[PDB]
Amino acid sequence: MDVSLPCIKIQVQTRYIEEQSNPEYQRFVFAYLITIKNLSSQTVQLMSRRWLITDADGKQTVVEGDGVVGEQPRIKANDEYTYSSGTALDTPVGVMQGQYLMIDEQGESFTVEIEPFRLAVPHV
């Protein structure tokens, strides 16, 4: 009957933290706030994460581990989980992309892609 992977919708908002940064010393600090909405009919659980973080010059770093912010959130159908974290770059703009490794209700592994998004100093 269901033959699609559980639908997980991810949104992100970002903000440059001027109070933690030092442009002079090439240190640009960003905060990110991420919402994970379970759009499937089962409860799912975020087990681990892997980030690929690229600065504006193209320098790549990998950051992985279990959970987000120290936890493995269990998300019911039609529920969501939000958290925030941060990264520092050597440049005023950069990109993060990666994946969450989740499990479904039967303890089955599935990977969820976090599409690339930009980190940027204000530019309106």
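Note that residue numbering begins at 1 and tracks the sequence as displayed.
Of the two segments, 107-115 and 15-23, the one listed with the higher mean B-factor is 15-23 (C-alpha atoms only). Taking only the listed residues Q97, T35, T61, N38, the entry reports the highest CA temperature factor at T61. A120: CA B factor in the lowest third of modelled residues in this chain (values from the PDB entry). Among all modelled residues in this chain, the alpha-carbon of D90 has a temperature factor (C-alpha) in the middle third. Among the modelled residues of its chain, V44 has a C-alpha B-factor that falls in the lowest third according to the deposited record. When the modelled residues of the chain are ordered by C-alpha B-factor, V3 sits in the lowest third.
Among the modelled residues of its chain, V68 has a C-alpha B-factor that falls in the highest third, as given in the PDB entry.
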